[PDB]
Amino acid sequence: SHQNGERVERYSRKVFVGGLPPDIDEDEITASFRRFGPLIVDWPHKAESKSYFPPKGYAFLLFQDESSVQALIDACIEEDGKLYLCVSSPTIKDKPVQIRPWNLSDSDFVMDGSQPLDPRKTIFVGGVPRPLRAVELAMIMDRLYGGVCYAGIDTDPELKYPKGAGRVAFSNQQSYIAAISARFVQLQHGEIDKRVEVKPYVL
RNA sequence: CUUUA
């Protein structure tokens, strides 16, 4: 017999949790996932106004240890790519909330000597599907616009987590204005085609 | 009851 441990248990300190139910908010989920150790939750619209409750019904957890996401993903339901947990929320008898952690392989990529970057040479990309792979994201922008230098999924250095969507940066101001030249960029690479919404990058 | 700058 053989095993693949210590090579399939790596994970990020961030995990998406889908289907967050109505009514209840940050406190009830900080009590639902607590059975796997202490946790916290955040979203891009979060504020210190103590208003709570995300825009509709999805949120993202932050963790302190990389083994806590392992117990909450190994002691729950699965569906060939996502998982479910129970929370008995006030909208129904129960809300199967989903889980989907971030993986350590394509968080970022570069295709040049990592030249200096500026907010005047970077584009944001949103409306994306779940997979993207920063390697192929940069290669495609290089076949339709060129001048690419860096690509990856949007992240924050103070909370050490992704914010979904993505960004791309160029070593030329000409390739930058060519990438935000239309709301829908071309993602063709031969026998392949994708489309996504763009805007000037901002933070 | 299925994802955000």
# chains A, B, ... in the order shown; residues from 1 in each chain; ligands from 1

call {"tool": "residues_around", "arguments": {"residues": "residue 4 in chain B", "least_positions_apart": "5", "cutoff": "12 Å", "atoms": "only C-alpha atoms (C1' of nucleotides)", "output": "short mmCIF file (atom, residue, chain, number, x, y, z; two decimals) with N, CA, C and O atoms, in the first residue's frame"}}
result
data_model
loop_
_atom_site.label_atom_id
_atom_site.label_comp_id
_atom_site.auth_asym_id
_atom_site.auth_seq_id
_atom_site.Cartn_x
_atom_site.Cartn_y
_atom_site.Cartn_z
N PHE A 16 -13.88 30.25 1.32
CA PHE A 16 -15.18 30.79 0.98
C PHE A 16 -16.25 29.91 1.60
O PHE A 16 -16.12 28.69 1.60
N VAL A 17 -17.32 30.53 2.11
CA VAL A 17 -18.46 29.77 2.60
C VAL A 17 -19.72 30.33 1.95
O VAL A 17 -20.12 31.47 2.17
N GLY A 18 -20.35 29.49 1.12
CA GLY A 18 -21.48 29.91 0.31
C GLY A 18 -22.81 29.64 0.98
O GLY A 18 -22.90 28.86 1.93
N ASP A 42 -15.09 37.63 7.17
CA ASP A 42 -14.96 38.95 6.57
C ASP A 42 -15.56 38.94 5.17
O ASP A 42 -15.81 37.88 4.59
N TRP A 43 -15.80 40.14 4.63
CA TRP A 43 -16.29 40.31 3.26
C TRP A 43 -15.84 41.70 2.80
O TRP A 43 -15.46 42.53 3.63
N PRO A 44 -15.86 42.02 1.49
CA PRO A 44 -15.24 43.23 0.95
C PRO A 44 -16.06 44.47 1.32
O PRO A 44 -15.57 45.59 1.17
N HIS A 45 -17.29 44.27 1.79
CA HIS A 45 -18.19 45.35 2.18
C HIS A 45 -18.23 45.51 3.70
O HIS A 45 -19.04 46.28 4.22
N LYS A 46 -17.36 44.80 4.42
CA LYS A 46 -17.31 44.84 5.87
C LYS A 46 -16.97 46.25 6.35
O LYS A 46 -16.24 46.99 5.68
N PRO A 54 -23.74 40.38 5.21
CA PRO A 54 -23.27 40.60 3.84
C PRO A 54 -24.40 41.00 2.89
O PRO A 54 -25.57 40.88 3.22
N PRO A 55 -24.04 41.49 1.69
CA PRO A 55 -24.97 41.97 0.67
C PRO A 55 -26.16 41.05 0.37
O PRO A 55 -27.22 41.55 0.00
N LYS A 56 -26.02 39.73 0.52
CA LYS A 56 -27.14 38.82 0.30
C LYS A 56 -27.02 37.56 1.14
O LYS A 56 -27.81 37.35 2.06
N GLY A 57 -26.04 36.70 0.83
CA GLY A 57 -25.97 35.40 1.47
C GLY A 57 -24.72 34.61 1.13
O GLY A 57 -24.80 33.40 0.90
N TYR A 58 -23.55 35.26 1.08
CA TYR A 58 -22.28 34.57 0.93
C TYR A 58 -21.20 35.33 1.70
O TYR A 58 -21.26 36.55 1.79
N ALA A 59 -20.21 34.61 2.24
CA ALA A 59 -19.15 35.22 3.05
C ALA A 59 -17.86 34.41 2.94
O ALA A 59 -17.83 33.36 2.30
N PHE A 60 -16.78 34.90 3.56
CA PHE A 60 -15.49 34.24 3.50
C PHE A 60 -14.84 34.21 4.88
O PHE A 60 -14.76 35.24 5.55
N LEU A 61 -14.39 33.04 5.33
CA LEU A 61 -13.78 32.90 6.64
C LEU A 61 -12.28 33.12 6.60
O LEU A 61 -11.61 32.83 5.61
N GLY A 126 -13.29 41.15 -13.25
CA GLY A 126 -14.33 40.58 -12.40
C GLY A 126 -15.46 39.95 -13.21
O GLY A 126 -15.58 40.17 -14.41
N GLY A 127 -16.29 39.16 -12.53
CA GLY A 127 -17.30 38.33 -13.19
C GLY A 127 -16.67 37.00 -13.61
O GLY A 127 -17.22 36.29 -14.46
N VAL A 128 -15.52 36.68 -13.02
CA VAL A 128 -14.76 35.49 -13.36
C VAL A 128 -15.42 34.20 -12.88
O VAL A 128 -16.19 34.22 -11.92
N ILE A 153 -4.91 36.60 -8.67
CA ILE A 153 -6.21 36.87 -8.07
C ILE A 153 -6.03 38.00 -7.06
O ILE A 153 -5.01 38.07 -6.38
N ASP A 154 -7.03 38.89 -6.96
CA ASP A 154 -6.98 40.00 -6.03
C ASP A 154 -6.72 39.52 -4.61
O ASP A 154 -7.35 38.56 -4.16
N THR A 155 -5.80 40.18 -3.90
CA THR A 155 -5.43 39.81 -2.54
C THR A 155 -5.20 41.05 -1.70
O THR A 155 -5.09 42.16 -2.22
N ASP A 156 -5.11 40.87 -0.38
CA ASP A 156 -4.80 41.94 0.55
C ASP A 156 -3.65 41.49 1.47
O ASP A 156 -3.71 40.39 2.02
N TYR A 161 -5.28 37.45 2.45
CA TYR A 161 -6.35 36.66 1.85
C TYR A 161 -6.74 37.19 0.47
O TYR A 161 -6.55 38.37 0.19
N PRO A 162 -7.27 36.33 -0.41
CA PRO A 162 -7.80 36.75 -1.69
C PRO A 162 -9.19 37.37 -1.53
O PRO A 162 -9.91 37.06 -0.58
N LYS A 163 -9.56 38.25 -2.46
CA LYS A 163 -10.84 38.93 -2.46
C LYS A 163 -11.65 38.56 -3.71
O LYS A 163 -12.51 39.33 -4.14
N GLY A 164 -11.37 37.39 -4.29
CA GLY A 164 -12.01 36.97 -5.52
C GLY A 164 -11.54 37.86 -6.67
O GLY A 164 -10.62 38.65 -6.49
N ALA A 165 -12.17 37.73 -7.84
CA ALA A 165 -11.79 38.52 -9.00
C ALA A 165 -10.29 38.40 -9.28
O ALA A 165 -9.61 37.53 -8.74
N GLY A 166 -9.74 39.27 -10.13
CA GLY A 166 -8.32 39.23 -10.44
C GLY A 166 -7.80 40.58 -10.92
O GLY A 166 -8.57 41.52 -11.13
#

call {"tool": "select_by_dssp", "arguments": {"residues": "range 19-130 of chain A", "states": "helix (DSSP H, G or I)", "output": "list in words"}}
result
residues 26, 27, 28, 29, 30, 31, 32, 68, 69, 70, 71, 72, 73 and 74 of chain A

call {"tool": "closest_residue", "arguments": {"among": "A:51, A:114, A:64, A:91", "to": "chain B", "atoms": "only C-alpha atoms (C1' of nucleotides)"}}
result
A:91

call {"tool": "select_by_dssp", "arguments": {"residues": "range 13-196 of chain A", "states": "strand (DSSP E)", "output": "PyMOL selection string"}}
result
chain A and resi 14-18+40-42+59-62+77-79+82-85+97-101+108-110+122-126+148-156+161-170

call {"tool": "atom_distance", "arguments": {"atom1": "CA of residue 13 in chain A", "atom2": "CA of residue 39 in chain A"}}
result
10.1 Å

call {"tool": "residues_around", "arguments": {"residues": "residue 1 in chain B", "least_positions_apart": "4", "cutoff": "7 Å", "atoms": "only C-alpha atoms (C1' of nucleotides)", "output": "list in words"}}
result
residues 19, 95 and 96 of chain A

call {"tool": "decode", "arguments": {"residues": "range 161-178 of chain A", "atoms": "N, CA, C and O atoms", "output": "compact mmCIF listing (two decimals), in the first residue's frame"}}
result
# COMPACT_ATOMS: atom_id res chain seq x y z
N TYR A 161 -5.28 37.45 2.45
CA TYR A 161 -6.35 36.66 1.85
C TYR A 161 -6.74 37.19 0.47
O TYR A 161 -6.55 38.37 0.19
N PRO A 162 -7.27 36.33 -0.41
CA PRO A 162 -7.80 36.75 -1.69
C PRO A 162 -9.19 37.37 -1.53
O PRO A 162 -9.91 37.06 -0.58
N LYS A 163 -9.56 38.25 -2.46
CA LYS A 163 -10.84 38.93 -2.46
C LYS A 163 -11.65 38.56 -3.71
O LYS A 163 -12.51 39.33 -4.14
N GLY A 164 -11.37 37.39 -4.29
CA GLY A 164 -12.01 36.97 -5.52
C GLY A 164 -11.54 37.86 -6.67
O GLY A 164 -10.62 38.65 -6.49
N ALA A 165 -12.17 37.73 -7.84
CA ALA A 165 -11.79 38.52 -9.00
C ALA A 165 -10.29 38.40 -9.28
O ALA A 165 -9.61 37.53 -8.74
N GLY A 166 -9.74 39.27 -10.13
CA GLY A 166 -8.32 39.23 -10.44
C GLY A 166 -7.80 40.58 -10.92
O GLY A 166 -8.57 41.52 -11.13
N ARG A 167 -6.48 40.65 -11.10
CA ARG A 167 -5.82 41.86 -11.58
C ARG A 167 -4.68 41.44 -12.51
O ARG A 167 -4.16 40.33 -12.39
N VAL A 168 -4.30 42.32 -13.43
CA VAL A 168 -3.17 42.09 -14.32
C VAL A 168 -2.40 43.39 -14.44
O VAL A 168 -2.99 44.46 -14.46
N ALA A 169 -1.07 43.31 -14.52
CA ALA A 169 -0.23 44.48 -14.62
C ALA A 169 0.71 44.36 -15.81
O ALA A 169 1.10 43.26 -16.20
N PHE A 170 1.07 45.50 -16.39
CA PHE A 170 1.87 45.56 -17.60
C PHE A 170 3.10 46.43 -17.40
O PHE A 170 3.11 47.34 -16.57
N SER A 171 4.16 46.13 -18.16
CA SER A 171 5.38 46.92 -18.13
C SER A 171 5.30 48.12 -19.08
O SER A 171 6.28 48.84 -19.24
N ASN A 172 4.14 48.33 -19.70
CA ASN A 172 3.92 49.43 -20.64
C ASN A 172 2.56 50.06 -20.41
O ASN A 172 1.58 49.37 -20.14
N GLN A 173 2.49 51.39 -20.52
CA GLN A 173 1.24 52.12 -20.35
C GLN A 173 0.35 51.96 -21.58
O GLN A 173 -0.83 52.29 -21.53
N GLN A 174 0.91 51.44 -22.68
CA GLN A 174 0.17 51.24 -23.91
C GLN A 174 -0.62 49.94 -23.82
O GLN A 174 -1.75 49.85 -24.31
N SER A 175 -0.03 48.92 -23.19
CA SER A 175 -0.69 47.63 -23.03
C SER A 175 -1.75 47.72 -21.94
O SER A 175 -2.72 46.97 -21.96
N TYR A 176 -1.56 48.63 -20.98
CA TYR A 176 -2.55 48.85 -19.94
C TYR A 176 -3.83 49.43 -20.52
O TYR A 176 -4.91 48.91 -20.27
N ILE A 177 -3.73 50.52 -21.30
CA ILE A 177 -4.91 51.15 -21.89
C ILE A 177 -5.51 50.26 -22.97
O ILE A 177 -6.65 50.49 -23.37
N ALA A 178 -4.77 49.26 -23.46
CA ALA A 178 -5.29 48.31 -24.42
C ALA A 178 -6.09 47.22 -23.72
O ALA A 178 -6.95 46.59 -24.34
